[PDB]
Q: 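Structure incoming, see below.
Letters go in sequence order (proteins before strands), and every chain restarts at 1.
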Amino acid sequence: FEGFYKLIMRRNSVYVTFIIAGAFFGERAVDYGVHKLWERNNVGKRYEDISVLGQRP
Amino acid sequence: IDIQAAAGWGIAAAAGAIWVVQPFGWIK
Amino acid sequence: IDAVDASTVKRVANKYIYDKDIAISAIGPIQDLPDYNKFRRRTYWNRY
């Protein structure tokens with residue numbers, strides 16, 4: 001808590017590391033959330049939802 | 001202030017390398 | 001006084017100086033004096 005907190009606002013190297021970590025996780029969290037809502041809005045329309053998938057003849 | 005700052009930026013650079021290049025699977 | 005060593009000065013300076021607000025009182029031909037944001041920014045060093 002206080003240890004990381006105090007380091008972030010007192011050393012710019014820790015703050016830059018904090019920015020990189022927040023960019024990395026915040027980007028993945030949004031990409032995960034966007035894709036979950038894309039899946040909920042497109043039920044039945046995915047390539048893996050084709051009934052005849054695998055029997056061409 | 002000279003070694004602490006050097007380790008701090010070395011950590012920032014290493015995290016940035018892991019962030020730009022994301023070799024999640026090269027940990028072998 | 002003797003108790004105030006180099007570690008003491010840095011500790012006290014971080015409590016009173018680092019990234020702290022300042023008060024400015026200027027008079028005369030002071031157009032070239034930097035503004036509040038310039039003085040405010042110069043209370044920390046971003047290379048550390």
Side-chain angles (χ1 to χ4, degrees):
Chain A
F1 191 27
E2 290 177 350
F4 296 97
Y5 184 56
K6 279 165 62 180
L7 251 181
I8 296 166
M9 68 193 88
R10 297 294 181 192
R11 286 289 171 271
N12 196 45
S13 57
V14 174
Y15 183 76
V16 164
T17 308
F18 164 72
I19 291 307
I20 291 162
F24 170 68
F25 286 115
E27 183 178 2
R28 301 277 84 244
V30 165
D31 219 54
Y32 166 86
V34 167
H35 178 256
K36 281 309 141 286
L37 186 71
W38 173 272
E39 271 203 338
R40 255 105 180 160
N41 197 36
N42 299 294
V43 278
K45 295 196 316 186
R46 292 172 316 153
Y47 150 83
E48 42 250 55
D49 301 335
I50 300 174
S51 36
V52 304
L53 196 63
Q55 294 186 343
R56 211 177 47 88
Chain B
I1 213 76
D2 207 43
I3 293 311
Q4 202 292 324
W9 284 117
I11 284 197
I18 295 151
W19 168 63
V20 158
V21 182
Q22 294 192 8
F24 287 70
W26 197 73
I27 39 77
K28 327 264 196 40
Chain C
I1 286 162
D2 295 6
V4 182
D5 74 302
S7 74
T8 293
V9 163
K10 279 212 280 326
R11 166 177 72 69
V12 171
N14 274 296
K15 164 170 197 163
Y16 288 105
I17 292 167
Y18 173 86
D19 203 26
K20 272 319 189 297
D21 265 353
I22 63 100
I24 288 181
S25 190
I27 190 174
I30 50 172
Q31 316 254 59
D32 299 323
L33 199 72
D35 49 45
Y36 194 90
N37 281 320
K38 301 301 290 187
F39 280 94
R40 190 57 182 71
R41 160 79 181 74
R42 271 150 189 187
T43 58
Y44 49 94
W45 292 350
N46 266 341
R47 66 220 199 229
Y48 287 105

Q: Distance-only criterion, 3.5 Å: show the donor-acceptor pairs between side-chain atoms of residues 44-57 of chain A and protein atoms not counting sequence neighbours.
A:
| from | atom 1 | to | atom 2 | distance (Å) |
| --- | --- | --- | --- | --- |
| A/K45 | NZ | A/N42 | OD1 | 3.2 |
| A/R46 | NE | A/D49 | OD2 | 3.1 |
| A/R46 | NH1 | A/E39 | OE2 | 3.2 |
| A/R46 | NH1 | A/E48 | OE2 | 3.2 |
| A/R46 | NH2 | A/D49 | OD1 | 3.0 |
| A/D49 | OD2 | A/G44 | N | 3.3 |
| A/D49 | OD2 | A/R46 | N | 3.3 |

Q: Clusters formed by hydrophobic residues whose side-chain heavy atoms approach within less than 4.5 Å: which one holds A/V30, and what are its other members?
A: A/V34
Q: Among residues at least two apart in sequence or on other chains, which ones pass side chain to side chain contact (heavy atoms under 4.5 Å, CB included) with B/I11?
A: A/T17
Q: Would C/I22 and C/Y36 satisfy side-chain contact (heavy atoms from CB on, under 4.5 Å), going step by step from the backbone distance to the final call?
A: CA-CA 8 Å; C/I22 63 100; C/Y36 194 90; 3.8 Å; yes
Q: When the side chains of residues 1-12 of chain C are checked against the rest of the protein, which donor-acceptor pairs come out under 3.5 Å, sequence neighbours left out?
A:
| from | atom 1 | to | atom 2 | distance (Å) |
| --- | --- | --- | --- | --- |
| C/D5 | OD1 | C/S7 | OG | 2.9 |
| C/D5 | OD1 | C/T8 | N | 3.2 |
| C/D5 | OD1 | C/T8 | OG1 | 2.7 |
| C/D5 | OD2 | C/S7 | N | 3.1 |
| C/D5 | OD2 | C/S7 | OG | 2.7 |
| C/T8 | OG1 | C/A3 | O | 3.4 |

Q: With rounding to the nearest 0.5 Å, note down the distance linking CD1 in C/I27 to CG in C/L33.
A: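 Answer rounded to 0.5 Å: 12.5 Å.
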Q: Taking atom OH of A/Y32 and atom CZ of A/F25, what is their separation to the nearest 0.5 Å?
A: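 Reported to 0.5 Å precision, the distance equals 15.5 Å.
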Q: Take a 6.0 Å sphere around NZ of C/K15 and say whether it holds more than 12 heavy atoms from other residues, nucleotides or ligands.
A: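 No, because the 6.0 Å sphere around NZ of C/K15 holds 12 heavy atoms or fewer from other groups.
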Q: Once side chain to side chain contact (heavy atoms under 4.5 Å, CB included) is applied, do any residues pair with C/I17, and if so which ones, sequence neighbours excluded?
A: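 In terms of side chain to side chain contact (heavy atoms under 4.5 Å, CB included), with neighbours along the sequence ignored, C/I17 is linked to C/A13.
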Q: Looking only at heavy atoms, which two atoms of A/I20 and B/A12 are closest? And how far apart?
A: CD1-O, 3.8 Å
Q: What salt bridge (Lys or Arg N to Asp or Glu O under 4.0 Å) pairs are there with at least one residue in residues 22-38 of chain C, not counting sequence neighbours?
A: none
Q: Only counting residues at least two apart or in another chain, list the ones meeting ring pair (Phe, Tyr, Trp, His ring centres under 6.0 Å) with C/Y44.
A: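 With sequence neighbours excluded, C/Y44 shows a ring pair (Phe, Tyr, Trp, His ring centres under 6.0 Å) to no residue whatsoever.
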Q: Going only through I, L, V, M, F, W and Y residues with side-chain contacts under 4.5 Å, is there a path from A/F1 to A/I8?
A: no
Q: Which pairs pass side chain to side chain donor-acceptor pair (under 3.5 Å) with one or both residues in residues 17-26 of chain C, sequence neighbours excluded?
A: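 Those involving residues 17-26 of chain C are C/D19-C/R40, C/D21-C/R40.
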Q: Restricting to side chain to side chain contact (heavy atoms under 4.5 Å, CB included), what partner residues turn up for B/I27, sequence neighbours left out?
A: none
Q: Can you pull the side chain to side chain donor-acceptor pair (under 3.5 Å) pairs that have at least one residue in residues 1-28 of chain B, sequence neighbours excluded?
A: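 Sorted result for residues 1-28 of chain B: empty, none.
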Q: Are there over 12 heavy-atom neighbours, none belonging to A/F18, within less than 6.0 Å of that residue's CZ?
A: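 Check fails, neighbour count at 12 or below.
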Q: Please list all pairs meeting salt bridge (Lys or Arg N to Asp or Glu O under 4.0 Å) that have one or both residues in residues 16-29 of chain A, counting only residues at least two apart or in different chains.
A: A/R28-A/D31
Q: Closest heavy-atom contact between C/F39 and C/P34?
A: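 Closest approach of C/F39 to C/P34, heavy atoms only: CE1-O, 3.1 Å.
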Q: What pairs with C/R47 under side chain to side chain contact (heavy atoms under 4.5 Å, CB included), at least two apart in sequence or on another chain?
A: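 C/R47 satisfies side chain to side chain contact (heavy atoms under 4.5 Å, CB included) with C/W45 once adjacent residues are dropped.
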